[PDB]
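Enquirer: Structure supplied as query.txt; contents: compact mmCIF, C-alpha atoms.
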```txt
# COMPACT_ATOMS: atom_id res chain seq x y z
CA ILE E 5 97.02 75.04 208.04
CA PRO E 6 98.88 73.55 205.07
CA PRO E 7 99.35 75.77 202.00
CA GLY E 8 96.46 75.70 199.53
CA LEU E 9 93.80 74.08 201.73
CA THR E 10 91.56 77.16 201.89
CA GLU E 11 91.65 77.79 198.14
CA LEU E 12 91.10 74.10 197.42
CA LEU E 13 87.95 73.87 199.52
CA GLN E 14 86.67 77.21 198.24
CA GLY E 15 86.94 75.90 194.67
CA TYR E 16 84.86 72.85 195.50
CA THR E 17 82.38 75.04 197.38
CA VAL E 18 81.83 77.27 194.33
CA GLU E 19 80.97 74.28 192.15
CA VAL E 20 78.66 72.81 194.79
CA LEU E 21 76.77 76.10 194.92
CA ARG E 22 76.70 76.43 191.11
CA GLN E 23 75.70 72.89 190.15
CA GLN E 24 73.63 71.92 193.22
CA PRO E 25 74.60 68.21 193.24
CA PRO E 26 72.24 65.82 195.06
CA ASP E 27 75.16 63.90 196.65
CA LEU E 28 78.12 65.93 197.88
CA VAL E 29 80.38 62.91 198.39
CA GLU E 30 79.86 61.63 194.86
CA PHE E 31 80.38 65.15 193.58
CA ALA E 32 83.59 65.52 195.60
CA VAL E 33 85.00 62.35 194.06
CA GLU E 34 84.20 63.70 190.59
CA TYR E 35 85.53 67.19 191.33
CA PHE E 36 88.83 66.17 192.88
CA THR E 37 89.42 63.37 190.35
CA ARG E 38 89.08 65.96 187.59
CA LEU E 39 91.54 68.30 189.32
CA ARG E 40 94.00 65.45 189.83
CA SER E 41 93.63 64.46 186.17
CA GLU E 42 94.09 68.02 184.92
CA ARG E 43 97.24 68.48 187.03
CA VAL E 44 98.91 65.20 186.11
CA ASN E 45 98.05 65.70 182.42
CA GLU E 46 99.80 69.07 182.54
CA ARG E 47 102.80 67.53 184.29
CA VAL E 48 103.07 64.93 181.52
CA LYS E 49 102.82 67.60 178.84
CA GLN E 50 105.53 69.63 180.64
CA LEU E 51 107.84 66.61 180.87
CA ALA E 52 107.39 65.89 177.16
CA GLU E 53 108.32 69.47 176.23
CA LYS E 54 111.30 69.34 178.59
CA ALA E 55 112.50 66.03 177.08
CA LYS E 56 112.12 67.54 173.60
CA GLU E 57 114.13 70.65 174.56
CA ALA E 58 116.75 68.74 176.58
CA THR E 59 120.28 68.90 175.23
CA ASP E 60 121.68 66.13 177.44
CA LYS E 61 121.02 62.40 177.81
CA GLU E 62 121.06 62.60 181.63
CA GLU E 63 118.22 65.13 181.71
CA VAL E 64 116.13 62.94 179.40
CA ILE E 65 116.76 59.84 181.53
CA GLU E 66 115.50 61.62 184.63
CA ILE E 67 112.34 62.66 182.74
CA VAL E 68 111.81 59.07 181.56
CA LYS E 69 112.18 57.87 185.18
CA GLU E 70 109.47 60.25 186.37
CA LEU E 71 107.15 59.25 183.50
CA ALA E 72 107.66 55.54 184.28
CA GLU E 73 106.78 56.07 187.93
CA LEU E 74 103.71 58.19 187.08
CA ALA E 75 102.51 55.39 184.79
CA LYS E 76 103.14 52.73 187.44
CA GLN E 77 101.28 54.56 190.20
CA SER E 78 98.26 55.53 188.05
CA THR E 79 95.09 53.49 187.66
CA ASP E 80 93.81 55.84 184.90
CA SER E 81 93.96 53.87 181.65
CA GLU E 82 93.77 57.08 179.60
CA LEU E 83 96.76 58.62 181.41
CA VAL E 84 98.93 55.51 181.12
CA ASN E 85 98.24 55.40 177.39
CA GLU E 86 99.25 59.06 177.03
CA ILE E 87 102.48 58.40 178.97
CA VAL E 88 103.17 55.42 176.69
CA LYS E 89 102.73 57.74 173.69
CA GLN E 90 105.17 60.23 175.23
CA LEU E 91 107.77 57.56 176.06
CA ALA E 92 107.47 56.37 172.45
CA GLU E 93 108.30 59.86 171.20
CA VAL E 94 111.37 60.02 173.48
CA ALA E 95 112.58 56.62 172.21
CA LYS E 96 112.10 57.74 168.60
CA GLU E 97 114.10 60.93 169.24
CA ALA E 98 116.83 59.15 171.23
CA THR E 99 120.24 58.59 169.68
CA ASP E 100 121.76 56.89 172.75
CA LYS E 101 121.04 53.18 172.53
CA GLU E 102 121.05 52.86 176.33
CA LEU E 103 118.06 55.22 176.49
CA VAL E 104 116.10 53.33 173.82
CA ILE E 105 116.70 50.06 175.68
CA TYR E 106 115.60 51.60 178.96
CA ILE E 107 112.28 52.76 177.40
CA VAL E 108 111.69 49.40 175.69
CA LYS E 109 112.05 47.71 179.11
CA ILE E 110 109.66 50.20 180.76
CA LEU E 111 107.07 49.48 178.06
CA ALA E 112 107.63 45.70 178.31
CA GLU E 113 107.17 45.77 182.08
CA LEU E 114 104.03 47.92 181.84
CA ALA E 115 102.53 45.56 179.26
CA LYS E 116 103.40 42.34 181.11
CA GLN E 117 101.80 43.59 184.33
CA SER E 118 98.69 45.15 182.81
CA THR E 119 95.21 43.63 182.80
CA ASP E 120 93.94 46.27 180.33
CA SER E 121 93.93 44.60 176.92
CA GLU E 122 93.56 47.89 175.02
CA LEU E 123 96.68 49.22 176.74
CA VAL E 124 98.72 46.07 176.10
CA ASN E 125 97.70 46.20 172.44
CA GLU E 126 98.86 49.82 172.18
CA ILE E 127 102.19 48.93 173.83
CA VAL E 128 102.64 46.03 171.38
CA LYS E 129 102.29 48.50 168.50
CA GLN E 130 104.75 50.96 170.07
CA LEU E 131 107.34 48.24 170.68
CA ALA E 132 107.01 46.97 167.11
CA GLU E 133 107.51 50.55 165.87
CA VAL E 134 110.82 50.76 167.77
CA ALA E 135 111.85 47.41 166.23
CA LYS E 136 110.90 48.58 162.70
CA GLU E 137 113.06 51.72 163.06
CA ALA E 138 116.05 49.95 164.66
CA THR E 139 119.25 49.53 162.67
CA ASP E 140 120.76 47.05 165.17
CA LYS E 141 119.75 43.39 164.84
CA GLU E 142 120.37 42.75 168.55
CA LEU E 143 117.79 45.37 169.49
CA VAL E 144 115.30 44.02 166.92
CA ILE E 145 115.54 40.44 168.16
CA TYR E 146 115.29 41.64 171.77
CA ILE E 147 111.95 43.38 171.07
CA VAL E 148 110.69 40.46 168.97
CA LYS E 149 111.33 38.10 171.92
CA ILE E 150 109.56 40.50 174.32
CA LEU E 151 106.51 40.38 172.01
CA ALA E 152 106.75 36.58 171.78
CA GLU E 153 106.78 36.45 175.59
CA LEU E 154 103.64 38.62 175.77
CA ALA E 155 101.94 36.30 173.28
CA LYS E 156 102.82 33.11 175.14
CA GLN E 157 101.85 34.60 178.50
CA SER E 158 98.44 35.64 177.15
CA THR E 159 95.36 33.46 176.94
CA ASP E 160 93.70 36.07 174.66
CA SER E 161 93.77 34.79 171.09
CA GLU E 162 93.12 38.31 169.78
CA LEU E 163 96.30 39.65 171.41
CA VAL E 164 98.29 36.74 169.99
CA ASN E 165 96.97 37.42 166.48
CA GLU E 166 97.89 41.11 166.70
CA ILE E 167 101.43 40.24 167.89
CA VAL E 168 101.80 37.75 165.03
CA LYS E 169 100.71 40.41 162.56
CA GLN E 170 103.15 42.95 164.05
CA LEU E 171 105.99 40.43 163.93
CA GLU E 172 105.27 39.70 160.28
CA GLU E 173 105.67 43.39 159.50
CA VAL E 174 108.86 43.64 161.54
CA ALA E 175 110.30 40.69 159.54
CA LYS E 176 109.24 42.43 156.33
CA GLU E 177 111.06 45.67 157.25
CA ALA E 178 114.23 44.07 158.70
CA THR E 179 117.17 43.87 156.33
CA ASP E 180 119.42 41.11 157.76
CA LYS E 181 118.63 37.72 156.22
CA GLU E 182 119.55 35.68 159.32
CA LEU E 183 117.53 38.04 161.54
CA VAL E 184 114.49 37.69 159.24
CA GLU E 185 114.72 33.89 159.32
CA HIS E 186 114.95 34.03 163.10
CA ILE E 187 111.84 36.23 163.36
CA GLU E 188 109.93 33.97 160.99
CA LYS E 189 110.86 30.99 163.14
CA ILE E 190 109.53 32.71 166.28
CA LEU E 191 106.41 33.58 164.26
CA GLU E 192 105.57 30.01 163.28
CA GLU E 193 106.00 28.95 166.90
CA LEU E 194 103.37 31.50 168.00
CA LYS E 195 101.00 30.41 165.22
CA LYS E 196 100.98 26.88 166.74
CA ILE R 5 74.58 76.31 201.66
CA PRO R 6 73.36 72.75 201.00
CA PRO R 7 72.89 70.42 203.98
CA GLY R 8 76.03 68.65 205.15
CA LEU R 9 78.60 70.70 203.23
CA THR R 10 80.16 72.24 206.34
CA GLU R 11 80.49 68.91 208.15
CA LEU R 12 81.83 67.17 205.05
CA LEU R 13 84.64 69.71 204.60
CA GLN R 14 85.40 69.75 208.33
CA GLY R 15 85.91 65.97 208.25
CA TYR R 16 88.37 66.25 205.38
CA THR R 17 90.11 69.13 207.17
CA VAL R 18 90.65 67.05 210.34
CA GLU R 19 92.37 64.30 208.37
CA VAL R 20 94.48 66.82 206.45
CA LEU R 21 95.67 68.29 209.75
CA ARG R 22 96.27 64.86 211.30
CA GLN R 23 98.05 63.12 208.46
CA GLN R 24 99.74 66.14 206.82
CA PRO R 25 99.62 64.77 203.25
CA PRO R 26 102.12 66.31 200.80
CA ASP R 27 99.45 66.44 198.05
CA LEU R 28 96.04 67.72 199.13
CA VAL R 29 94.30 66.87 195.85
CA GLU R 30 95.59 63.30 195.88
CA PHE R 31 94.54 63.05 199.51
CA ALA R 32 91.09 64.43 198.70
CA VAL R 33 90.56 61.78 196.02
CA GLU R 34 91.56 59.09 198.54
CA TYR R 35 89.47 60.56 201.37
CA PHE R 36 86.23 61.04 199.45
CA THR R 37 86.57 57.72 197.61
CA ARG R 38 86.81 55.96 200.96
CA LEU R 39 83.72 57.78 202.27
CA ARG R 40 81.82 56.97 199.08
CA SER R 41 82.90 53.33 199.36
CA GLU R 42 81.90 53.12 203.03
CA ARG R 43 78.46 54.59 202.30
CA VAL R 44 77.63 52.37 199.33
CA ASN R 45 78.95 49.26 201.14
CA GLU R 46 76.56 50.08 203.98
CA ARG R 47 73.68 50.63 201.56
CA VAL R 48 74.28 47.20 199.99
CA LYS R 49 74.43 45.55 203.40
CA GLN R 50 71.10 47.13 204.43
CA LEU R 51 69.49 46.18 201.10
CA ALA R 52 70.58 42.57 201.66
CA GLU R 53 69.15 42.59 205.19
CA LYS R 54 65.91 44.13 203.91
CA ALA R 55 65.63 41.49 201.16
CA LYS R 56 66.08 38.74 203.75
CA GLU R 57 63.39 40.16 206.02
CA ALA R 58 60.97 41.02 203.20
CA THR R 59 57.70 39.10 203.21
CA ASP R 60 56.53 39.74 199.60
CA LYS R 61 58.27 39.40 196.22
CA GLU R 62 57.33 42.97 195.21
CA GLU R 63 59.55 44.41 197.94
CA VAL R 64 62.36 42.03 196.97
CA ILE R 65 62.01 43.00 193.29
CA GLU R 66 62.45 46.65 194.18
CA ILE R 67 65.59 45.78 196.18
CA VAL R 68 67.02 43.76 193.27
CA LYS R 69 66.39 46.69 190.92
CA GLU R 70 68.32 49.06 193.16
CA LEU R 71 71.19 46.56 193.50
CA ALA R 72 71.30 46.09 189.72
CA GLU R 73 71.57 49.84 189.11
CA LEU R 74 74.25 50.28 191.82
CA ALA R 75 76.28 47.54 190.13
CA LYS R 76 75.85 49.10 186.67
CA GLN R 77 76.94 52.57 187.77
CA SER R 78 79.96 51.44 189.82
CA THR R 79 83.50 51.13 188.47
CA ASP R 80 84.66 49.43 191.71
CA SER R 81 85.19 45.75 190.94
CA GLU R 82 85.10 44.88 194.65
CA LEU R 83 81.67 46.47 195.09
CA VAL R 84 80.20 44.84 191.98
CA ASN R 85 81.55 41.49 193.17
CA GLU R 86 79.85 42.02 196.54
CA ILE R 87 76.55 42.98 194.86
CA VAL R 88 76.73 39.83 192.70
CA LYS R 89 77.14 37.77 195.88
CA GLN R 90 74.06 39.47 197.41
CA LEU R 91 71.97 38.95 194.25
CA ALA R 92 73.05 35.30 194.31
CA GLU R 93 71.74 34.97 197.87
CA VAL R 94 68.43 36.57 196.87
CA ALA R 95 68.10 34.14 193.95
CA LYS R 96 68.84 31.20 196.27
CA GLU R 97 66.11 32.31 198.72
CA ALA R 98 63.58 33.12 195.98
CA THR R 99 60.61 30.83 195.49
CA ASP R 100 58.99 32.93 192.74
CA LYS R 101 60.46 31.77 189.46
CA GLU R 102 60.05 35.19 187.78
CA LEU R 103 62.41 36.66 190.39
CA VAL R 104 65.06 33.98 189.84
CA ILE R 105 64.89 34.61 186.09
CA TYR R 106 65.19 38.35 186.65
CA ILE R 107 68.37 37.87 188.73
CA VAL R 108 69.87 35.43 186.20
CA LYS R 109 69.37 38.06 183.47
CA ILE R 110 70.97 40.82 185.59
CA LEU R 111 74.01 38.59 186.16
CA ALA R 112 74.14 37.60 182.49
CA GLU R 113 74.06 41.21 181.34
CA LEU R 114 76.72 42.23 183.90
CA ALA R 115 79.05 39.44 182.74
CA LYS R 116 78.55 40.02 179.01
CA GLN R 117 79.39 43.71 179.39
CA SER R 118 82.34 43.40 181.77
CA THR R 119 86.00 43.69 180.83
CA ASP R 120 87.04 42.35 184.27
CA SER R 121 87.85 38.67 183.85
CA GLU R 122 87.83 37.94 187.59
CA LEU R 123 84.31 39.34 187.83
CA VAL R 124 83.09 37.40 184.79
CA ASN R 125 84.55 34.19 186.24
CA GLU R 126 82.75 34.75 189.52
CA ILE R 127 79.45 35.41 187.75
CA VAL R 128 79.88 32.22 185.69
CA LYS R 129 80.19 30.30 188.98
CA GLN R 130 77.08 32.01 190.41
CA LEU R 131 75.02 31.25 187.29
CA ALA R 132 76.15 27.61 187.42
CA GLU R 133 75.08 27.39 191.09
CA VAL R 134 71.56 28.55 190.17
CA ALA R 135 71.47 25.94 187.38
CA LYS R 136 72.63 23.19 189.77
CA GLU R 137 69.87 24.06 192.28
CA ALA R 138 67.11 24.43 189.67
CA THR R 139 64.35 21.82 189.48
CA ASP R 140 63.03 23.09 186.14
CA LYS R 141 64.77 21.87 182.98
CA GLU R 142 63.75 25.04 181.10
CA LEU R 143 65.62 27.25 183.60
CA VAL R 144 68.66 24.93 183.51
CA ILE R 145 68.99 24.94 179.73
CA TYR R 146 68.48 28.73 179.71
CA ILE R 147 71.44 29.25 182.05
CA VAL R 148 73.59 26.71 180.17
CA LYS R 149 72.97 28.61 176.93
CA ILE R 150 73.90 31.89 178.67
CA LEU R 151 77.22 30.30 179.72
CA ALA R 152 77.76 28.95 176.20
CA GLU R 153 77.20 32.47 174.85
CA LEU R 154 79.77 33.90 177.27
CA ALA R 155 82.23 31.23 176.15
CA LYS R 156 81.72 31.82 172.43
CA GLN R 157 81.95 35.59 172.85
CA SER R 158 85.24 35.27 174.75
CA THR R 159 88.69 35.09 173.20
CA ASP R 160 90.10 34.10 176.64
CA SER R 161 90.82 30.37 176.64
CA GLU R 162 90.90 30.25 180.45
CA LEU R 163 87.34 31.59 180.68
CA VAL R 164 86.21 29.00 178.13
CA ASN R 165 87.90 26.22 180.14
CA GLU R 166 86.19 27.33 183.35
CA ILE R 167 82.79 27.46 181.63
CA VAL R 168 83.31 23.95 180.23
CA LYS R 169 84.16 22.69 183.73
CA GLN R 170 81.03 24.33 185.21
CA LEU R 171 78.81 22.89 182.46
CA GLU R 172 80.21 19.42 183.08
CA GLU R 173 79.20 19.68 186.73
CA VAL R 174 75.75 21.03 185.82
CA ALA R 175 75.23 18.01 183.55
CA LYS R 176 76.35 15.70 186.37
CA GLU R 177 73.83 17.19 188.84
CA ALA R 178 70.88 17.44 186.40
CA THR R 179 68.39 14.60 186.59
CA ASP R 180 66.55 14.66 183.23
CA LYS R 181 68.17 12.37 180.68
CA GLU R 182 67.28 14.49 177.62
CA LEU R 183 68.46 17.64 179.39
CA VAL R 184 71.81 16.02 180.23
CA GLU R 185 72.36 14.95 176.61
CA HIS R 186 71.53 18.49 175.49
CA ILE R 187 74.10 19.98 177.87
CA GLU R 188 76.75 17.48 176.77
CA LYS R 189 76.03 18.43 173.18
CA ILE R 190 76.59 22.13 173.98
CA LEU R 191 79.70 21.08 175.95
CA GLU R 192 81.34 19.30 173.01
CA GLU R 193 80.73 22.31 170.80
CA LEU R 194 82.63 24.57 173.22
CA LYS R 195 85.50 22.06 173.46
CA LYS R 196 85.76 22.19 169.64
```
Can I see the file as structure tokens?
Expert:
Amino acid sequence: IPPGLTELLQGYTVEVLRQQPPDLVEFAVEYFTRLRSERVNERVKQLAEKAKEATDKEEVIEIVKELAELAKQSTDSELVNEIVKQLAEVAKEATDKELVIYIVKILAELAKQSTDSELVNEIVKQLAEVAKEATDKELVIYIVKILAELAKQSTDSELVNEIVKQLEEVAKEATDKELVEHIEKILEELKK
Amino acid sequence: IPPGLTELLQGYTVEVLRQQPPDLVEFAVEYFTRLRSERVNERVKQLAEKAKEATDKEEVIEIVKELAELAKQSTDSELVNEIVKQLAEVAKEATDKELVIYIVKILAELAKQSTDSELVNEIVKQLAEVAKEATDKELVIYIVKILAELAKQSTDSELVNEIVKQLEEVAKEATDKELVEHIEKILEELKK
């Protein structure tokens, strides 16, 4: 017998006897989905604390890699959004530009592959936040072009309008005149 | 102990011992989701057979009601798509116009509430099929207006384009001159 099987089935048995569900299969899906959700949520919270306490870029990169793979393998929209929030905090904290770029690309890839419009909209806002904080025009224009790609690959006019609005604020907050003119040119293209 | 608990847990235990999964909770979610899916798929197949053998609309109406509630409570896009196909077959067979209207309204409500664009596109095609087969101009214009509502409530240009294409074919197949002009008038509005 593999370790934990007895305790796992005993836990489900207790709740069956307490709650007296009419359909044990339905109730099993609910019970074990909850346990899976509780465990992965705690793993994500543990990784976030570990990334916050880490004193080395290599430890943070390995945490980011595990978060990216958890997000990719999950179909739970709520969990992916929480992982996106936690990756955003790591990128904000990061002082190694390689790590910020790595996170930006994880977010870009998650957004481009997702069919959940609420999630893509949240990722748009997190990417624009990184661009607003950046003090490197090459990073800003990189993110702006990622957002422009999301807009042109979308047939959802509401997503396009939110990206346009985010890009207008990024142009407002950017300090290099040539960079601002470049963003405004990408903007007018999306408005057409 | 409730009936079936022992056998249910023994079945999961066999597969745990056969496949030796590294994560028993993950494996439980997979195992019980498959059993749930197998059982509801079989229920839908027997409802469809029962609807085909039924000899009175009252029995068919009760079957349609159970299919509509299974579709509403599921989060499995594949199952809902299969239920929509079975409702479409019931509407095709139906010779009581109240039953066809009832099915049209179930499909309309499913589509208007869904965030799954593949499902909405399939339902659009099923509604258009009912309109193409209809020999009652009041039913045709009802369905056309349902599709126009879906188009105007969508911000997805690809859904609007598919609806326009379906409406053009409905107008082609409709035989009443005033009805056709009405559909073409709704068509031009959507193209605008």
Enquirer: In terms of the shortest atom-to-atom distance over only C-alpha atoms, which of E:146, E:106, E:36, E:16 is closest to chain R?
Expert: E:36
Enquirer: Should the cut-off be 12 Å, what would the residue list for chain E against chain R look like, counting all atoms listed in the file, as an mmCIF file with C-alpha atoms, in the coordinates of the input?
Expert:
```cif
data_model
loop_
_atom_site.group_PDB
_atom_site.id
_atom_site.type_symbol
_atom_site.label_atom_id
_atom_site.label_comp_id
_atom_site.auth_asym_id
_atom_site.auth_seq_id
_atom_site.Cartn_x
_atom_site.Cartn_y
_atom_site.Cartn_z
ATOM 1 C CA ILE E 5 97.020 75.040 208.040
ATOM 2 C CA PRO E 6 98.880 73.550 205.070
ATOM 3 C CA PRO E 7 99.350 75.770 202.000
ATOM 4 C CA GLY E 8 96.460 75.700 199.530
ATOM 5 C CA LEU E 9 93.800 74.080 201.730
ATOM 6 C CA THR E 10 91.560 77.160 201.890
ATOM 7 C CA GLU E 11 91.650 77.790 198.140
ATOM 8 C CA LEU E 12 91.100 74.100 197.420
ATOM 9 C CA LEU E 13 87.950 73.870 199.520
ATOM 10 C CA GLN E 14 86.670 77.210 198.240
ATOM 11 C CA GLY E 15 86.940 75.900 194.670
ATOM 12 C CA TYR E 16 84.860 72.850 195.500
ATOM 13 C CA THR E 17 82.380 75.040 197.380
ATOM 14 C CA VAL E 18 81.830 77.270 194.330
ATOM 15 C CA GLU E 19 80.970 74.280 192.150
ATOM 16 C CA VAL E 20 78.660 72.810 194.790
ATOM 17 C CA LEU E 21 76.770 76.100 194.920
ATOM 18 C CA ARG E 22 76.700 76.430 191.110
ATOM 19 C CA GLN E 23 75.700 72.890 190.150
ATOM 20 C CA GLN E 24 73.630 71.920 193.220
ATOM 21 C CA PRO E 25 74.600 68.210 193.240
ATOM 22 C CA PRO E 26 72.240 65.820 195.060
ATOM 23 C CA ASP E 27 75.160 63.900 196.650
ATOM 24 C CA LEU E 28 78.120 65.930 197.880
ATOM 25 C CA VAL E 29 80.380 62.910 198.390
ATOM 26 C CA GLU E 30 79.860 61.630 194.860
ATOM 27 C CA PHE E 31 80.380 65.150 193.580
ATOM 28 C CA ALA E 32 83.590 65.520 195.600
ATOM 29 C CA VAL E 33 85.000 62.350 194.060
ATOM 30 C CA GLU E 34 84.200 63.700 190.590
ATOM 31 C CA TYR E 35 85.530 67.190 191.330
ATOM 32 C CA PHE E 36 88.830 66.170 192.880
ATOM 33 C CA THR E 37 89.420 63.370 190.350
ATOM 34 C CA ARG E 38 89.080 65.960 187.590
ATOM 35 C CA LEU E 39 91.540 68.300 189.320
ATOM 36 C CA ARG E 40 94.000 65.450 189.830
ATOM 37 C CA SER E 41 93.630 64.460 186.170
ATOM 38 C CA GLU E 42 94.090 68.020 184.920
ATOM 39 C CA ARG E 43 97.240 68.480 187.030
ATOM 40 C CA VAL E 44 98.910 65.200 186.110
ATOM 41 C CA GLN E 77 101.280 54.560 190.200
ATOM 42 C CA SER E 78 98.260 55.530 188.050
ATOM 43 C CA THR E 79 95.090 53.490 187.660
ATOM 44 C CA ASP E 80 93.810 55.840 184.900
ATOM 45 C CA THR E 119 95.210 43.630 182.800
ATOM 46 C CA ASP E 120 93.940 46.270 180.330
ATOM 47 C CA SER E 121 93.930 44.600 176.920
ATOM 48 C CA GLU E 122 93.560 47.890 175.020
ATOM 49 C CA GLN E 157 101.850 34.600 178.500
ATOM 50 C CA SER E 158 98.440 35.640 177.150
ATOM 51 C CA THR E 159 95.360 33.460 176.940
ATOM 52 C CA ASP E 160 93.700 36.070 174.660
ATOM 53 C CA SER E 161 93.770 34.790 171.090
ATOM 54 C CA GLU E 162 93.120 38.310 169.780
ATOM 55 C CA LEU E 163 96.300 39.650 171.410
ATOM 56 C CA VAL E 164 98.290 36.740 169.990
ATOM 57 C CA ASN E 165 96.970 37.420 166.480
#
```
Enquirer: Excluding residue 49 of chain E and any residue of its chain fewer than 4 positions from it, enumerate the residues within 12 Å of it, using all atoms listed in the file, and give them as an MDAnalysis selection string.
Expert: chainID E and resid 42:45 53:56 67 71 83 86:87 89:91
Enquirer: How many Å lie between atom CA of residue 136 of chain E and atom CA of residue 178 of chain E, rounded to one decimal?
Expert: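 Atom-to-atom, atom CA of residue 136 of chain E to atom CA of residue 178 of chain E, that is 6.9 Å.
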Enquirer: Which distance in Å separates atom CA of residue 114 of chain R and atom CA of residue 127 of chain R, to one decimal?
Expert: 8.3 Å
Enquirer: As lines of an AutoDock Vina configuration file, please report the centre and edge lengths, rounded to one decimal in Å, of the axis-aligned box that holds all listed atoms of segment 109-122 of chain R with 6 Å of padding on each of the six sides.
Expert:
```
center_x = 78.6
center_y = 40.7
center_z = 183.3
size_x = 30.5
size_y = 18.1
size_z = 20.6
```
Enquirer: Quick check, in Å to one decimal: how far apart do atom CA of residue 155 of chain R and atom CA of residue 169 of chain E lie?
Expert: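 Computing the Euclidean distance for atom CA of residue 155 of chain R and atom CA of residue 169 of chain E yields 24.7 Å.
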Enquirer: Show me, as a ChimeraX atom specification, the residues that have an atom within 9 Å of residue 148 of chain R when counting only C-alpha atoms, minus same-chain residues fewer than 3 positions from it.
Expert: /R:131-132,135,143-145,151-153,171,174,187,190
Enquirer: Using all atoms listed in the file, which of the listed residues (R:102, R:177, R:188, R:140) sits closest to residue 62 of chain R?
Expert: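 Ranked by minimum distance to residue 62 of chain R, first place goes to R:102.
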Enquirer: Please complete segment 14-30 of chain E so it has N, CA and C atoms, and hand it over as a JSON list (two decimals), in the frame of the given file.
Expert:
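Resulting contents of part39.json:
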```
[["chain", "number", "residue", "atom", "x", "y", "z"],
["E", 14, "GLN", "N", 87.51, 76.17, 198.82],
["E", 14, "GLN", "CA", 86.67, 77.21, 198.24],
["E", 14, "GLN", "C", 86.31, 76.86, 196.80],
["E", 15, "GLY", "N", 87.24, 76.26, 196.04],
["E", 15, "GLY", "CA", 86.94, 75.90, 194.67],
["E", 15, "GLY", "C", 85.84, 74.85, 194.59],
["E", 16, "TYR", "N", 85.91, 73.86, 195.46],
["E", 16, "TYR", "CA", 84.86, 72.85, 195.50],
["E", 16, "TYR", "C", 83.54, 73.47, 195.94],
["E", 17, "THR", "N", 83.60, 74.40, 196.89],
["E", 17, "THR", "CA", 82.38, 75.04, 197.38],
["E", 17, "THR", "C", 81.68, 75.82, 196.27],
["E", 18, "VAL", "N", 82.44, 76.54, 195.44],
["E", 18, "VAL", "CA", 81.83, 77.27, 194.33],
["E", 18, "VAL", "C", 81.04, 76.32, 193.44],
["E", 19, "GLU", "N", 81.64, 75.18, 193.08],
["E", 19, "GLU", "CA", 80.97, 74.28, 192.15],
["E", 19, "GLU", "C", 79.77, 73.59, 192.79],
["E", 20, "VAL", "N", 79.83, 73.32, 194.09],
["E", 20, "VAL", "CA", 78.66, 72.81, 194.79],
["E", 20, "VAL", "C", 77.51, 73.80, 194.72],
["E", 21, "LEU", "N", 77.81, 75.08, 194.94],
["E", 21, "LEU", "CA", 76.77, 76.10, 194.92],
["E", 21, "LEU", "C", 76.27, 76.39, 193.51],
["E", 22, "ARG", "N", 77.14, 76.26, 192.50],
["E", 22, "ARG", "CA", 76.70, 76.43, 191.11],
["E", 22, "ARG", "C", 75.82, 75.26, 190.66],
["E", 23, "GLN", "N", 76.32, 74.04, 190.80],
["E", 23, "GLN", "CA", 75.70, 72.89, 190.15],
["E", 23, "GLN", "C", 74.68, 72.17, 191.01],
["E", 24, "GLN", "N", 74.61, 72.49, 192.31],
["E", 24, "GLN", "CA", 73.63, 71.92, 193.22],
["E", 24, "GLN", "C", 73.52, 70.39, 193.12],
["E", 25, "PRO", "N", 74.60, 69.67, 193.38],
["E", 25, "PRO", "CA", 74.60, 68.21, 193.24],
["E", 25, "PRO", "C", 73.78, 67.56, 194.34],
["E", 26, "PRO", "N", 73.03, 66.50, 194.01],
["E", 26, "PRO", "CA", 72.24, 65.82, 195.06],
["E", 26, "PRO", "C", 73.09, 65.08, 196.08],
["E", 27, "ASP", "N", 74.31, 64.64, 195.73],
["E", 27, "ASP", "CA", 75.16, 63.90, 196.65],
["E", 27, "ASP", "C", 76.54, 64.53, 196.66],
["E", 28, "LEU", "N", 76.89, 65.16, 197.79],
["E", 28, "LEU", "CA", 78.12, 65.93, 197.88],
["E", 28, "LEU", "C", 79.35, 65.04, 197.89],
["E", 29, "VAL", "N", 79.22, 63.80, 198.37],
["E", 29, "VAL", "CA", 80.38, 62.91, 198.39],
["E", 29, "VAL", "C", 80.69, 62.43, 196.98],
["E", 30, "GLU", "N", 79.67, 62.00, 196.26],
["E", 30, "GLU", "CA", 79.86, 61.63, 194.86],
["E", 30, "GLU", "C", 80.45, 62.79, 194.09]]
```
